Structures are given as structure tokens and as C-alpha cells.
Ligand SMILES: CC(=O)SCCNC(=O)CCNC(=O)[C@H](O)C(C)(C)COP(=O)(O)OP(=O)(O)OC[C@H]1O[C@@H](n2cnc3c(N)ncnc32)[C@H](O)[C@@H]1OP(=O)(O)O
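Before any questions on how it binds or moves, here is one chain, the form solved without the named molecule, in C-alpha cells.
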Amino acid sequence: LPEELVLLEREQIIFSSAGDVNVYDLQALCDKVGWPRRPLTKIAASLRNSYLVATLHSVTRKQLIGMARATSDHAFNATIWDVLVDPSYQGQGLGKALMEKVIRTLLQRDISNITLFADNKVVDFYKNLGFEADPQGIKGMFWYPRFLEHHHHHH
């Protein structure tokens, strides 16, 4: 699996794990899925400290249409925090295609333990991709979590 590769040419859809995400493009994408804005420098900080930043662009000249972002200890563990596809391109299997490339990239980097936190409405989506909730009764826990109006997975 290389770093950049055409997923389909309907317009091209390009996958990359290079991590070149412009914070203003990302802000606009998060706007489309209803996220409250946050300091651009803290978004930039979260990006440079994310081991895997994977993008989908529409190339007709580039437009960011999807992103997956994971932290990792670069050795054993990764957590995929955000998976976002532009609502204009949802229903086309792009979230699934992005996730397959994300998983393959992490395995190629020899990351063995790949995790995520799925809101109730995408649990089945990730189950179909091979994710398993609560293996052996292990629980994902949060320290005093706030109520979340917004979701981190859009496909």
C-alpha cells in the first residue's frame, strides 16, 4: 500500500496518508458535520501529534472531502478518534474505503492494537469492518465525559 493512490475516477477521489490537511479546509469539513469550532492552533497541534492523518480529496483543483485521524505510540497501540466524510459524498462507500486504507496503513506500520470509540449509530458499521466491542468485557471509559451533541464518525 503506497502513500497516495486513486480510489476511483467517476473527478478523481485520492487517498493519502501523507497528513497534509489544511486546518481551514478541515474546519470547513467539520462545519458541514456540525462540530463547534475550536482554536485553529489547537487543531493544528492535534494534527501534527496524530501519527496517522489520512485524507480523501476530490481532484477535478483539490477539495478535502474526508479525513481519518489516529494517535499512536508508534509501536503497539493506535486510537482512531475522528472519521469524517463530507455529507455531499456520503452513501458512496467512501467512509468504508477510507477505513480499509487506514487499517492497512497501520498494520503495515506494525501497529497491532487498533482501537476506536464508536457512537451507538456506527457500532454496526465498524463491526462489519472487523471491529469488536468490549472484547472480554473490556470497557472503554472516559473521565467525567461531557454530553456530546456531535459525533466523531460520519461515512
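Residues carry their position along the shown sequence, with the first being 1.
Not on display, but discussed next: the form deposited with the named molecule bound.
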property	result
Ligand-site obstruction classification: the named molecule, superposed in the entry with it bound, backbone or C-beta within 2.4 Å	blocked
Residue (of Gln92, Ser46, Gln63, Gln27) lying close to the named molecule in the entry with it bound, criterion heavy atoms within 4.5 Å	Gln92
Any non-hydrogen atom of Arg109 within 4.5 angstroms of the named molecule in the entry with it bound	no
Contact label in the entry with it bound: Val122 to the named molecule, heavy atom within 4.5 Å	yes
Residue contact check: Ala78 to the named molecule in the entry with it bound, 4.5 Å heavy atom	no
4.5 Å heavy atom contact, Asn128 and the named molecule in the entry with it bound	yes
